[PDB]
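> Structure file final06.txt (compact mmCIF, C-alpha atoms) right here:
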# COMPACT_ATOMS: atom_id res chain seq x y z
CA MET B 1 -6.88 12.62 13.84
CA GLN B 2 -9.18 9.61 13.43
CA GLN B 3 -8.75 9.57 9.65
CA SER B 4 -7.13 11.42 6.74
CA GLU B 5 -8.52 13.55 3.92
CA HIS B 6 -9.89 11.40 1.09
CA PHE B 7 -7.16 12.74 -1.20
CA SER B 8 -3.43 13.26 -0.70
CA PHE B 9 -0.94 14.97 -3.01
CA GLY B 10 2.67 13.80 -2.63
CA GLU B 11 3.90 17.36 -3.16
CA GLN B 12 2.01 18.87 -0.22
CA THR B 13 1.84 16.27 2.57
CA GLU B 14 4.73 16.86 4.97
CA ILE B 15 7.66 14.44 4.75
CA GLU B 16 8.63 13.81 8.37
CA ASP B 17 12.19 13.13 9.53
CA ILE B 18 11.84 10.26 12.01
CA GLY B 19 15.58 9.73 12.48
CA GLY B 20 17.62 6.61 11.70
CA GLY B 21 18.08 7.73 8.09
CA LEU B 22 14.32 7.32 7.62
CA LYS B 23 11.72 9.77 6.28
CA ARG B 24 7.98 9.07 6.47
CA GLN B 25 4.94 10.38 4.58
CA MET B 26 1.29 9.60 5.34
CA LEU B 27 -0.57 8.34 2.27
CA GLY B 28 -3.91 7.78 4.02
CA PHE B 29 -5.37 6.25 7.17
CA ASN B 30 -8.27 5.52 9.50
CA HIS B 31 -8.60 3.44 12.68
CA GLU B 32 -8.28 0.14 10.82
CA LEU B 33 -6.11 0.83 7.77
CA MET B 34 -2.99 2.94 7.17
CA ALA B 35 -0.42 3.48 4.41
CA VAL B 36 2.80 5.48 4.62
CA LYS B 37 5.75 6.27 2.35
CA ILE B 38 9.22 5.66 3.79
CA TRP B 39 12.42 6.97 2.19
CA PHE B 40 15.56 5.04 3.15
CA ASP B 41 18.95 6.76 3.13
CA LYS B 42 21.70 4.38 2.00
CA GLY B 43 22.11 1.64 4.62
CA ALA B 44 19.19 2.90 6.71
CA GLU B 45 17.18 0.31 8.64
CA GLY B 46 14.23 -0.40 10.92
CA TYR B 47 16.12 -2.22 13.69
CA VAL B 48 14.78 -5.73 14.22
CA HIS B 49 11.15 -5.40 15.25
CA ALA B 50 7.70 -6.86 15.93
CA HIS B 51 4.16 -5.57 16.42
CA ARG B 52 0.53 -6.72 16.56
CA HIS B 53 -0.45 -4.88 13.37
CA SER B 54 -0.68 -6.85 10.13
CA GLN B 55 1.71 -5.38 7.57
CA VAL B 56 2.04 -5.51 3.78
CA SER B 57 4.99 -3.74 2.15
CA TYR B 58 5.76 -2.79 -1.45
CA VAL B 59 9.16 -1.83 -2.84
CA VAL B 60 8.83 1.42 -4.80
CA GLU B 61 12.55 1.57 -5.53
CA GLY B 62 15.94 0.44 -4.21
CA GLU B 63 17.40 -2.87 -3.03
CA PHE B 64 15.93 -4.19 0.22
CA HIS B 65 17.45 -6.95 2.35
CA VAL B 66 14.34 -8.12 4.19
CA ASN B 67 14.09 -10.59 7.06
CA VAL B 68 10.70 -12.15 7.81
CA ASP B 69 10.55 -14.93 10.39
CA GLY B 70 14.20 -15.79 9.73
CA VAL B 71 13.64 -16.12 5.98
CA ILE B 72 15.85 -13.64 4.13
CA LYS B 73 15.50 -12.26 0.61
CA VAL B 74 16.88 -9.35 -1.41
CA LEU B 75 13.97 -7.32 -2.78
CA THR B 76 13.89 -4.74 -5.58
CA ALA B 77 11.30 -2.44 -7.17
CA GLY B 78 7.95 -4.15 -7.72
CA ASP B 79 8.49 -6.77 -5.02
CA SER B 80 6.57 -7.06 -1.75
CA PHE B 81 6.52 -8.77 1.64
CA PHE B 82 3.89 -9.68 4.23
CA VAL B 83 4.43 -9.75 8.00
CA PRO B 84 1.82 -11.63 10.04
CA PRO B 85 0.94 -10.17 13.44
CA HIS B 86 3.78 -10.45 15.97
CA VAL B 87 6.16 -12.05 13.46
CA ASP B 88 9.83 -11.06 13.78
CA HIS B 89 11.07 -9.02 10.81
CA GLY B 90 13.79 -6.65 9.62
CA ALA B 91 14.63 -4.47 6.61
CA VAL B 92 17.90 -2.90 5.44
CA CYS B 93 18.49 -0.74 2.35
CA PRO B 94 22.16 -0.46 1.36
CA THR B 95 21.52 1.47 -1.87
CA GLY B 96 18.81 3.79 -0.56
CA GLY B 97 15.21 3.37 -1.74
CA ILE B 98 11.49 3.76 -1.10
CA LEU B 99 8.89 1.54 0.57
CA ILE B 100 5.11 1.65 0.90
CA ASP B 101 4.27 0.25 4.34
CA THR B 102 0.61 -0.57 5.01
CA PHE B 103 -0.77 -1.80 8.34
CA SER B 104 -4.08 -3.17 9.60
CA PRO B 105 -5.03 -1.61 12.85
CA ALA B 106 -3.63 1.88 12.27
CA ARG B 107 -0.31 2.53 14.02
CA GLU B 108 -1.24 5.15 16.62
CA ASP B 109 2.45 6.01 16.94
CA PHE B 110 2.46 7.71 13.53
CA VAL B 111 -0.37 10.24 13.75
CA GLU B 112 1.24 12.64 16.23
CA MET R 1 -6.17 -19.35 0.89
CA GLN R 2 -5.84 -17.84 4.37
CA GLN R 3 -2.89 -15.60 3.51
CA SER R 4 0.03 -15.09 1.11
CA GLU R 5 3.69 -16.06 1.39
CA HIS R 6 5.78 -13.64 3.47
CA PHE R 7 7.61 -12.66 0.28
CA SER R 8 6.25 -11.87 -3.19
CA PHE R 9 8.06 -11.21 -6.46
CA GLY R 10 6.89 -8.83 -9.19
CA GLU R 11 8.29 -11.05 -11.94
CA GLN R 12 6.75 -14.24 -10.52
CA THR R 13 3.34 -13.36 -9.09
CA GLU R 14 0.71 -14.15 -11.73
CA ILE R 15 -0.93 -11.02 -13.13
CA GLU R 16 -4.66 -11.58 -13.65
CA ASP R 17 -6.53 -10.00 -16.56
CA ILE R 18 -9.72 -8.89 -14.82
CA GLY R 19 -11.44 -7.42 -17.88
CA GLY R 20 -12.21 -3.79 -18.72
CA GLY R 21 -8.52 -3.29 -19.52
CA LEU R 22 -7.61 -3.88 -15.87
CA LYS R 23 -5.01 -6.35 -14.60
CA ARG R 24 -4.38 -7.34 -10.97
CA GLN R 25 -1.39 -8.79 -9.10
CA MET R 26 -1.46 -9.88 -5.45
CA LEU R 27 1.17 -8.17 -3.29
CA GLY R 28 0.32 -9.81 0.04
CA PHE R 29 -2.68 -10.43 2.31
CA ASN R 30 -4.29 -12.09 5.32
CA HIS R 31 -7.85 -11.92 6.69
CA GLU R 32 -7.52 -8.29 7.79
CA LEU R 33 -5.13 -6.61 5.35
CA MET R 34 -4.63 -6.75 1.58
CA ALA R 35 -2.47 -5.04 -1.04
CA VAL R 36 -2.82 -5.44 -4.81
CA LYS R 37 -1.29 -3.80 -7.88
CA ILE R 38 -3.61 -2.65 -10.67
CA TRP R 39 -2.56 -1.93 -14.26
CA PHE R 40 -4.91 0.37 -16.17
CA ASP R 41 -4.88 0.28 -19.97
CA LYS R 42 -5.17 3.75 -21.52
CA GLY R 43 -8.70 4.99 -20.83
CA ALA R 44 -9.70 1.92 -18.82
CA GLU R 45 -12.10 2.69 -15.98
CA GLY R 46 -12.82 1.69 -12.38
CA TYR R 47 -16.61 1.76 -12.00
CA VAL R 48 -17.90 3.96 -9.17
CA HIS R 49 -19.04 1.61 -6.40
CA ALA R 50 -18.95 1.16 -2.63
CA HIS R 51 -17.94 -1.47 -0.06
CA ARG R 52 -17.45 -1.93 3.68
CA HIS R 53 -13.70 -2.45 3.33
CA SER R 54 -11.54 0.56 4.15
CA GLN R 55 -9.36 1.50 1.17
CA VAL R 56 -6.06 3.37 0.85
CA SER R 57 -4.60 3.79 -2.63
CA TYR R 58 -1.27 4.99 -4.04
CA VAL R 59 -0.56 6.14 -7.59
CA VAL R 60 2.62 4.49 -8.86
CA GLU R 61 2.47 6.11 -12.30
CA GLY R 62 -0.03 7.57 -14.77
CA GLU R 63 -2.70 10.28 -14.65
CA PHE R 64 -5.81 9.33 -12.67
CA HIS R 65 -9.18 11.07 -12.49
CA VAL R 66 -10.27 9.79 -9.07
CA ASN R 67 -13.76 10.07 -7.59
CA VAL R 68 -14.25 9.73 -3.83
CA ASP R 69 -17.66 10.72 -2.45
CA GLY R 70 -18.38 12.55 -5.71
CA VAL R 71 -15.31 14.78 -5.46
CA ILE R 72 -13.04 14.33 -8.48
CA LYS R 73 -9.30 15.00 -8.60
CA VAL R 74 -6.46 14.45 -11.07
CA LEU R 75 -3.85 12.21 -9.43
CA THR R 76 -0.36 11.41 -10.73
CA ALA R 77 2.66 9.44 -9.49
CA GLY R 78 3.17 9.76 -5.73
CA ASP R 79 -0.33 10.91 -4.79
CA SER R 80 -2.87 8.84 -2.86
CA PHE R 81 -6.51 8.52 -1.82
CA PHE R 82 -8.51 7.11 1.09
CA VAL R 83 -12.05 5.74 0.80
CA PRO R 84 -13.98 5.32 4.06
CA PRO R 85 -16.20 2.23 4.20
CA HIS R 86 -19.37 2.40 2.08
CA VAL R 87 -18.28 5.68 0.47
CA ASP R 88 -18.67 6.07 -3.30
CA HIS R 89 -15.42 5.89 -5.28
CA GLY R 90 -14.03 5.06 -8.72
CA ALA R 91 -11.11 5.86 -11.03
CA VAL R 92 -10.53 6.49 -14.74
CA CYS R 93 -7.08 6.38 -16.35
CA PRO R 94 -6.92 8.40 -19.59
CA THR R 95 -3.17 7.86 -20.02
CA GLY R 96 -2.84 4.26 -18.82
CA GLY R 97 -0.90 3.59 -15.61
CA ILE R 98 -0.62 1.81 -12.27
CA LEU R 99 -2.24 1.83 -8.83
CA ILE R 100 -1.65 0.02 -5.54
CA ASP R 101 -4.95 -0.61 -3.75
CA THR R 102 -4.89 -1.55 -0.05
CA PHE R 103 -7.91 -2.85 1.87
CA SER R 104 -8.66 -3.54 5.53
CA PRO R 105 -10.62 -6.69 5.96
CA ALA R 106 -9.05 -8.57 3.04
CA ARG R 107 -11.07 -8.41 -0.19
CA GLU R 108 -12.31 -12.01 -0.11
CA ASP R 109 -13.56 -11.52 -3.67
CA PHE R 110 -9.96 -11.15 -4.88
CA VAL R 111 -8.81 -14.61 -3.79
Let me see whether you can do it: turn the structure in this file into structure tokens.

Amino acid sequence: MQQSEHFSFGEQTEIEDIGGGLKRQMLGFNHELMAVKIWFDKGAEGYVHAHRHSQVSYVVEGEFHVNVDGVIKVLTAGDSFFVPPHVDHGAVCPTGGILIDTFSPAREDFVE
Amino acid sequence: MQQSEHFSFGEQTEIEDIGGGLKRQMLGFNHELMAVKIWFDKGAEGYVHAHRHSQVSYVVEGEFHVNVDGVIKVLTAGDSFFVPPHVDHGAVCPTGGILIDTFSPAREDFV
């Protein structure tokens, strides 16, 4: 839809079941910037992955095993990672948790 | 500095006192994307102001009075806002609290 409302309330915006133990909520977007909220079930993952979009991620809560470019770290609440364009990366959450994923271009795949 | 490390740690990243009862911590960036964490002291205020950068913001915790394009809303943990380029926006935090601000180009002024 080109862009989102200027305001979003966590309690109204639909939380979308995208399979794989993952749930996604739009926080706000336009053509060049986009932020979503992802809930991980215990042990859920984004299977190992790459894309053009720049990506910055923030751990809201839970323990995240994150792979960026073969470097591997365990991340907890308050931590973040950065994925350059086209860089290989992965994320696993054994405990369950919440991420804020932000991307520069928007991800057209998400705006269904 | 081009860009950040691929990994950043809440207990290690230096948190910068940026005056007005605001503090900022870098979460990760390159030329085209940037995410920072802002701590508001109780009653501290984010001046209304505009810029080309797109902005998407998430409220981690606290109560925020947020202005975008003159419309004002009370935001609490889990809510978010989006500021189109060059649109007026600002935020006041009566209770004290925490934001994540994300920008597309990077905010070159914050490095």
> Leaving out residue R:2 and any residue of its chain fewer than 3 positions from it, which residues lie within 10 Å of it when counting only C-alpha atoms, given as number ranges by chain?
R: 29-31, 106, 108, 111
> Out of B:36, B:60, B:67, B:98, which residue has the shortest atom-to-atom distance to residue R:61 when counting only C-alpha atoms?
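Of all the options, B:60 lies closest to residue R:61.
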> Report the distance between atom CA of residue R:46 and atom CA of residue R:27 in Å, rounded to one decimal place.
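Between atom CA of residue R:46 and atom CA of residue R:27 the gap is 19.4 Å.
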> Which residues of chain R are close to chain B, meaning at most 9 Å apart when you count all atoms listed in the file, and how do they look as an MDAnalysis selection string?
chainID R and resid 3:11 27:30 32:35 54:58 60 66 68:69 73 75:84 100 102:105
> Closest to residue B:65 among B:43, B:86, B:52, B:112, using all atoms listed in the file?
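Checking each of B:43, B:86, B:52, B:112 against residue B:65, counting all atoms listed in the file, the winner is B:43.
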